[PDB]
4 protein chains.
Amino acid sequence: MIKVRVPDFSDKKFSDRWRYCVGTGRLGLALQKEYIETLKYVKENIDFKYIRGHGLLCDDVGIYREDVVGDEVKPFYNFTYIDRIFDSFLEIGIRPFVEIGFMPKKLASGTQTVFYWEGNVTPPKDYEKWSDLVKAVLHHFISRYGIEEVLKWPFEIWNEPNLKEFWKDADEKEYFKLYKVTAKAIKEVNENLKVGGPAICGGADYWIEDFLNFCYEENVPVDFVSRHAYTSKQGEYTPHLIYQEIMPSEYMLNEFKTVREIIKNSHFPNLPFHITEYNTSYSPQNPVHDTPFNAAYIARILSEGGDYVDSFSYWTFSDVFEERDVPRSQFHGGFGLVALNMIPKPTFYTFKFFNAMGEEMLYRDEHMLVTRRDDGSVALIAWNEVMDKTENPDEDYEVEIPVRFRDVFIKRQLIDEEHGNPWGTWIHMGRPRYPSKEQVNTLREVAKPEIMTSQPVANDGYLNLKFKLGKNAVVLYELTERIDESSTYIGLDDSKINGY
Amino acid sequence: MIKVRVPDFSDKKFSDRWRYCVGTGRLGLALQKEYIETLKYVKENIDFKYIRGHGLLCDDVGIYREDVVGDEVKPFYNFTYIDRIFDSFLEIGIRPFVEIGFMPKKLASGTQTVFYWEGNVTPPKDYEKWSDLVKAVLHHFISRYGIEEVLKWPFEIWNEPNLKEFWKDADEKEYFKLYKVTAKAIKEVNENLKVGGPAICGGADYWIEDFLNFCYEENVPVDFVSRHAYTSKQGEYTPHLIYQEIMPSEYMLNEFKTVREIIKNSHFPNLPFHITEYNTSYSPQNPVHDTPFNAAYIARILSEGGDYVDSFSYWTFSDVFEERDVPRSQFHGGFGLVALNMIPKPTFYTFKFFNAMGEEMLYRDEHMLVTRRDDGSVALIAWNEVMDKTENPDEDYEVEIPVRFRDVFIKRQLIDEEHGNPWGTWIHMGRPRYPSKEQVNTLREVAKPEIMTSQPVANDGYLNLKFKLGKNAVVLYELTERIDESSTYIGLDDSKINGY
Amino acid sequence: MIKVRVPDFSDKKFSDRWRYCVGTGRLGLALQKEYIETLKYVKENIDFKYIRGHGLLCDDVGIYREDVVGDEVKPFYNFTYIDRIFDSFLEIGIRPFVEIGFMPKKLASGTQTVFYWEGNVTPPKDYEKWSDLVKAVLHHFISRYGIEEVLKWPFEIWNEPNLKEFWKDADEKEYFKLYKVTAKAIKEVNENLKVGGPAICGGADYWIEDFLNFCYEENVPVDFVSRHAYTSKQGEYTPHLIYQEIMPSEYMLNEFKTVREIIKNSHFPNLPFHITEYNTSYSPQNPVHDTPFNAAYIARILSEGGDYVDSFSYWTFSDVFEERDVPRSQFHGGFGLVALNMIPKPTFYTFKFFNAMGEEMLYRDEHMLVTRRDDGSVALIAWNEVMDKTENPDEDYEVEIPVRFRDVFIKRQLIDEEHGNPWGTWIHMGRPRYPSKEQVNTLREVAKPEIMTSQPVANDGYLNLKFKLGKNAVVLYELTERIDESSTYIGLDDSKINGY
Amino acid sequence: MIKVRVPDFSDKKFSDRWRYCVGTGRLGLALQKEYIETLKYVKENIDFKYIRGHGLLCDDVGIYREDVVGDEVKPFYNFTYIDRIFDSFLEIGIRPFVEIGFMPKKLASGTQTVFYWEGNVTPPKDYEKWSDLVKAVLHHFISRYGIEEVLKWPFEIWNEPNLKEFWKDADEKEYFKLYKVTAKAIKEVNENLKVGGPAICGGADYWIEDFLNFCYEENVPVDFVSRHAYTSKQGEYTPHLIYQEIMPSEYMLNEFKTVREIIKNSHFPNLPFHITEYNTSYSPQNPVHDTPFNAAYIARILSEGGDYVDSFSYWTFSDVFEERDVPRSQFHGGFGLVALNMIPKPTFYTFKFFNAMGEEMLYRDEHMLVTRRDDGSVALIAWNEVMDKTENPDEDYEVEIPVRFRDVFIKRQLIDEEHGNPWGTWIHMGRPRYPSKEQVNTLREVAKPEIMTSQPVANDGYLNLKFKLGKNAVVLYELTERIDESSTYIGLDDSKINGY
Ligand SMILES: *[C@H]1OC[C@@H](O)[C@H](O)[C@H]1F
Ligand SMILES: *[C@H]1OC[C@@H](O)[C@H](O)[C@H]1F
Ligand SMILES: *[C@H]1OC[C@@H](O)[C@H](O)[C@H]1F
Ligand SMILES: *[C@H]1OC[C@@H](O)[C@H](O)[C@H]1F
């Protein structure tokens, strides 16, 4: 098994970089009732500071237009939709990790598009027109929300320009130019606004080295580096879904650690580094996302990810998505932490559990994190992800946890194949694509962790915990100080109740 | 164990008389935010039709007042509070099972009072004035709610008049006179208004014989007989609480059965019989009410009480109560199905579980009830009350349930000593009297039945249910047809996901 | 002025056909938070039973798709969105007046499209697949909401086929076929499902005749005739808006009266007549919709339309629209009764005012309507639209209304250029395109009718009302019985208060 | 009329001391639903920082109890209720201006009580037991809310001890002893908790000179001086209401000033001064509270009171009151800014209007206040209370206001006998005591100020306002820069709309 004696002291800190940002489907979808109810719901449980998605300039949001009169053609920047979208974000208490893109059609130099909703991925016909659009939007943001607010919004230029699907011909140089023109337009508005990139996907880090060298040699400002991370191997789509083998979380933490080094060996060694999008599979139709395995797996990344990066946004917070058309079933492998109808997937609870962690990191290994909060209470999280099939997926634990107080109240939350696994149940129901309200209700009741309370006696400043982790289980223990008030109950004696 | 083969048909039906009416603390408390929130919470889970409680005429509600102009004394009827209370009841979707009482101070003949809030319990100094009061109030309900709504309200006269604590000297003669004047006044406003009594507690059923014969020989209107029922032996209060031995459910059931028989053998053999108030203990400070035990014990009463009475009102719906002063801790043995801070007790889920029962009663025995719904689905409810210390409380079950389909989706809900037991957690916390918001949150999360789902196949029209019931457990099983859609998912194969 | 003595009684009735249905932007938009909040807000004030809009089969809702397996093209029906859309409707208490259309891209024969959102308007490439899509959809509805529910939904086939914009070549022949097939496939699902058409716009009434003869001769089912009505003359769009002279309401009423005759003269003389879409201007950018004029104008139609049709649906209920792109300002001449940010336009209150109408019509002329409600109270609505430019816009009135009671309470509500005119205030602010929260709040405070109360003593069963209507005003007078309680207050005397 | 030229200059500030605190009925009522919804309502409209009322220790809240075990009698402090009350207050965002009192029954030395709810007005039998109570309560507050939070709560000792009705025999010396014991108990808990008194009503300011002198001689700590002020003369109660002449606001403002000077000449010259209770009439049944008069009257105090005091709390925020038994009609002369059923009274809008004032005072006199906000926009409030019967009550105005912009947007709000006067409408209904839902709805609709917008151009930095103030009217004018966007609407032209 795994015997562990948690140190009573430690000089390691656990930050909340894991909850800095969360991803989302294109901004246009944010106008949806379903989208907003779910965002509010997530924010009532996980305090994400930012939310990052594509589509700010896409035509459904409808910002860039052009009015034609016999005499001239002049641009018209329409803010009716983003005002509403950004107004609701600020109301909910979350800020946009703005992504500049994609190319509105009236400015497109080409016709290439991406996804079901067809965002244009070609450079602008006229870079100056693109520069004025960016400034027009920035000035509108300042006008409506004030410069103090907007200055907190980082601006990421484009998305995965290294892939021919998001950027015409994967033209590295044209990207650097787009970045230059955009960065200059933003800075012109206000020199303190944060700009960055290159928002590339893995397997092309020579882009980050080039990107940084370009900003250096061309004297172009950069306030942060962005990149994406996935651990899913190549797969084969069916007209409904796709399966991909997920490599261990080790490969992702290593990619983090690797690109971090590239930034420190570059001309801008202290640049903050954001993983603006990550998950196991990079497909919005891969079943693994809705499983308990996904939640046990992500656990470690939330545990160690912050050691190498400034943030890492989980893609996504909801199944309200469309890159591959409208979802066709209650569970379809969406990126969402929360499935449609506000049904939290196990992964949702992994994030929820980390909300209990303190800054003092007493102990940590590849399958367990132990911290202490301000008040002195101790929280512990352990996970048991099953990478491949086996007959011994169980793992026993015995941990000695240091505790200030003598009397302890214990609160244990758990999720695994039988607890907080709405997916398994949906399978019991016959995988309905469009369940009834009664069925969705049963899925909500099921989608909750198991809660168990107890009390022990901490001896010489320590408490011994023994537990077993089933297949793909994630557990959260909280040890707070118990202050017994039983003596104040005159005549208290439970044994005088029938059977106790 | 307990092997049972449930029949395909039966000549028995199961009514919903078990949810006709529920009890409440004095009406004046309906003015509380805590009270209304809680009532709305119960109604969202249990479709109670009526709500029965004391205090309609008590001075906190303030209906009866007297204005003095010189040496003249004119009465004044203030409807400000009742209007707000009854307005809030009808808005929530529940009607009052009116209880005419107690005695307004200005109309009292003596000074004897009952409870911490001192409801005067002496007859009126002038039965005329009392009669006018009764008529003034009804004409107001009529005037504000319309005769059509008020005709749906029954009017029970007084409360347990056979006890000297609730009616001076337990004067049976004066009560019969009280009843005559009151019933007469009611009928005069509108003879369709249901009036009844005698509202006595157990151990004095001769009071009913005397009552009925009093009406049958005095031609006094009577639309229903009401009585209370408990199974708790005399106990001895401590300044904080009291314990009492609770007897088996048989006693209460046989009591329902006895009195029901005292009526069929009466001069009004067809009068409806209402148990306007029941529970294990008749004390608002008996810890037994907050236990899983209570939940299991009342389960059988819901299953059979309907056979003998037109309705039985569990006392009460909430711990918002003040008979023995303001509650002094999160759990204090109050009558409520719901503890303060809207924390449902296990008995709450016993009622909740019965909502799954259909009208077709296929099988039933002292510890189990099986029914079929309109759509063919079948539901089962078993309970295991452990009425005494025992090294072994567990019970084994094996039930063959007839099902008109082969593929079955199973939804199981369980409450016992480790599930849906906020009381057990409260103790784990050191029995906090005034718990913080985090504690109350923990209690709320624990206070939920364990939901568990599965899917098996039926053989020879029978689905075999094998399960054991732990200490004081209550389980719900709903078996519905599983209509599998798994075939419409192209490429579907969970084995292609890590570990699966 | 206009002196009118309202007849003591009458045998004519005012029906609520005016509130039977209301229009809406494309169904896909019903997914919007703004849409839903607005629909609920409307339904709390005006009880519309049905809602009519296009886009049911348009690809944004996404019902029709095609899976490519190997070399076989299998059709797929995705209900994720209409299920969410129709649930919200039914949840709110409003049913869809279904409109079958337009052509999903995959089944489209041509490439022609209409509107900013490109709804394909060509016939199907295979009328078989069309019929199968139709039955697939209907069955699902049946399966999800039950046949008893789906039976209450009428089915309109396509939209204004008599116009090249919505139907390729306005081919009258094809429409009759598409209708034959569609009206058939529906019936095959269930013979009681109401079907109708041709839902043409005014001017081409020859279509209704050729339609009612097509059915008769080719033996095609028909349960209703649908047509649209508009009184706006042609105009010339600027890239932002359009102005159009609006003809008098008389033109519209005459058309209702006309087309209704064509039906009573046809083979189907008892067919119901539905005006599934009407308003002054048929453009979503004609400022007239946002004005006090548009409200005093529509008053007379809500007042008389019912005399000729089974229903007439105001297009639309909200400015949440996109036919001509995303709106570019708080007021942009949208069809809505309610402007974005839930700001009611004066027309909204014209409908609202009609709720006060009883069924007993005592009087009515081109500018007034007086009805008596069941309880006896009387209600009056008078409107003064200013059609052209004049220098004497105001109108004086003197109406003797028959009043059952002797003491009257008068509640007067009024809207005009100075009251309930958020548009005028919007102008005072400088016509802001994207108003701040404070400005929207001011618009909301302003967007309400003026309210005045008073009290008169009816003499000889009649009450004399002298009022003055300003430019484009619409007023509501409710006359309920006044039962004075002042005498029950001992010492009551306002003169004993400073200055009274 | 009155002609005023507001100087474009400011040497004095206008603070928000007017909204520092508001009054309330006894704490035990804070448990009512009506109460809380109303407190939330008021807070959404006025940012009151504190709320001050009686009954913290009274027995309905029930903190002080005594358990009798055998012979030994042990005190028990039950926090169930205040915990709920103060939880609700902090949740809403308003802190308690704690008033220690009255005397719990079991600790009383005498039998004298005050008000319908009978709060005990005699000194404690044992000052040590009272001292322990104070400590227990404070220690609990710290335990539940944290020290940082409780340190912001001021502690006023008792209420109007100078009156025989609230303090047995108006024993000045016994009150100073009560203050010392209490203050010392408070300071024992925490040295920096704010304590003060004497909370006397007018006419006995020597209690104040004696109070400060007592604290000096006995070295008893004191942090503030509290006092009450009313301007109603003697009246003669009827069993239902009371009338009293209200003296000019000058009287009250001069009392604030007189007492302020007394504190300055004491041993503690810099002590803050709080008027913990004020209004016109001090009776919870004097109709003046509900009239427009009261609104125009209070206007001047809100305007000048902050000049002499650190706060002045209007008694009360809501009609939820019981001092003189449960209210008996929709309007009854309650102290509330808001009447039952959340119907704001005119005074409510006087406070609401003051939210508009900025810190820069530009002009002020007995009937007008003009200030400038931080963004440069200007606000003006003028009032015209009619102190006595008159045929000529109106008051005309011409005010020249300086504005830094040329294009001005004007928002004007007005309450008077005809606008926002629910009392007036209520009378029109016959003065119903228990209005129907419909009538309550009509009053709510009337209970709003008249809103009117417009736009003028200033001439040489000045805008001229011309208006007439009706009887008891209060007007608010907000002038903000008008930034016209009309030029961006291509083809805009309202004249192209029928009648425009
Ligand atoms: C990163 O990979 C996942 C995909 O859904 C995102 O759109 C892309 F940016
Ligand atoms: C019935 O017993 C319980 C008690 O609380 C009730 O008041 C009584 F009527
Ligand atoms: C009827 O005219 C108005 C337009 O918006 C609709 O689309 C059309 F059917
Ligand atoms: C001050 O006068 C008004 C009364 O209602 C308060 O109780 C008193 F303190």
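A note on names: the letters A, B, ... follow the listed sequences, proteins ahead of strands, and every chain is numbered from 1.
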Any side-chain heavy atom of [X] sitting closer than 4.5 Å to one from [Y]?
X        : Y        : answer
C:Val121 : C:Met103 : no
C:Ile100 : C:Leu56  : yes
C:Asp60  : C:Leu29  : no

What's the shortest heavy-atom distance between [X] and [Y], and which atoms?
X        : Y        : result
B:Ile92  : B:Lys43  : CG2-CG, 3.6 Å
C:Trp117 : C:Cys58  : CZ3-SG, 3.9 Å
B:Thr453 : A:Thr425 : OG1-OG1, 2.9 Å
B:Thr371 : B:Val378 : O-CG1, 3.2 Å
A:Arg328 : A:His240 : NH2-NE2, 3.2 Å
C:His139 : C:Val189 : CE1-CG1, 3.7 Å

- Task: Could you check C:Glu277 against C:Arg52 for salt bridge (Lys or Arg N to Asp or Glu O under 4.0 Å), going step by step and ending with a plain yes or no?
- Result: CA-CA 8 Å; C:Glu277 171 184 334; C:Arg52 192 276 198 175; 2.8 Å; yes

Under 6.0 Å from the [atom1] atom of [X], do we count more than 12 heavy atoms belonging to anything else shown?
X        : atom1 : value
C:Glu66  : CD    : yes
B:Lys12  : NZ    : no
B:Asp374 : CG    : no
C:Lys135 : NZ    : yes
C:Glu217 : CD    : yes

- Task: Nearest 0.5 Å please: distance from the CZ atom of C:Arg17 over to the CD1 atom of C:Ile275.
- Result: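 Between atom CZ of C:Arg17 and atom CD1 of C:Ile275 there are 12.5 Å.
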
- How long is the gap from CE on B:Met361 to OG on B:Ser10, to the nearest 0.5 Å?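 One gets 8.0 Å once the value is rounded to the nearest 0.5 Å.
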
Is [X] salt-bridged to [Y], cutoff N-O under 4.0 Å?
X        : Y        : answer
C:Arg65  : A:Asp325 : yes
C:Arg84  : A:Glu34  : yes
B:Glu359 : B:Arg373 : no
B:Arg95  : B:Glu149 : yes
C:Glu322 : C:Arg26  : yes
C:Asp223 : C:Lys194 : no

- Working for ring-ring contact (aromatic ring centres under 6.0 Å, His included), residues C:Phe141 and C:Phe86: CA-CA 9 Å; C:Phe141 288 175; C:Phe86 278 2; 5.1 Å; yes

- Task: Determine, stepwise, if the pair C:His274 / C:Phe312 fulfils ring-ring contact (aromatic ring centres under 6.0 Å, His included).
- Result: CA-CA 6 Å; C:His274 291 304; C:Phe312 43 124; over 10 Å; no

- Is there a salt bridge (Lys or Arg N to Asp or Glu O under 4.0 Å) between C:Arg144 and C:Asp87 once you walk through the steps? CA-CA 10 Å; C:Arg144 199 153 198 295; C:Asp87 286 347; 2.5 Å; yes

Tell me whether the centres of the aromatic rings in [X] and [Y] are closer together than 6.0 Å.
X        : Y        : result
C:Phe321 : C:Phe335 : yes
A:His332 : B:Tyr489 : no
C:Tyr50  : C:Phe89  : no
B:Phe354 : B:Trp18  : yes
C:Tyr278 : C:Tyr314 : yes
C:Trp315 : C:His54  : yes

- Task: Could you go through the ring-ring contact (aromatic ring centres under 6.0 Å, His included) check for C:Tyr81 and A:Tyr434 one step at a time?
- Result: CA-CA 10 Å; C:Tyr81 285 168; A:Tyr434 318 110; over 10 Å; no

- Query: Only one of C:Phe48, C:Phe351, C:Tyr35 forms a ring pair (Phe, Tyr, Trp, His ring centres under 6.0 Å) with C:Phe317, so which one is it?
  - Reply: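 The single option meeting the ring pair (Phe, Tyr, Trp, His ring centres under 6.0 Å) with C:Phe317 is C:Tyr35.
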
- Item | Derivation of the salt bridge (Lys or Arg N to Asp or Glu O under 4.0 Å) call for A:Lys33 and A:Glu37 | CA-CA 6 Å; A:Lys33 176 181 179 288; A:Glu37 312 171 311; 2.6 Å; yes

- Message: Run C:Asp16 and C:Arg19 through salt bridge (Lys or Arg N to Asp or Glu O under 4.0 Å) and show every step you take.
- Response: CA-CA 6 Å; C:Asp16 56 2; C:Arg19 76 156 78 106; 3.4 Å; yes

- ring-ring contact (aromatic ring centres under 6.0 Å, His included) assessment of C:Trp153 paired with C:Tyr145: CA-CA 11 Å; C:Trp153 306 355; C:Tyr145 314 94; 5.7 Å; yes

- Query: Do A:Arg433 and B:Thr488 get their side chains close enough for a donor-acceptor pair, meaning under 3.5 Å?
  - Reply: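 Short answer, yes.
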
- Are the side chain of C:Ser266 and the backbone of C:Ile263 linked by a donor-acceptor contact shorter than 3.5 Å?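 Yes; at least one donor-acceptor contact below 3.5 Å.
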
- Expected output: side-chain C:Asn162 to main-chain C:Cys201 donor-acceptor under 3.5 Å: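 Flag set: sc C:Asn162 to bb C:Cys201 pair under 3.5 Å.
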
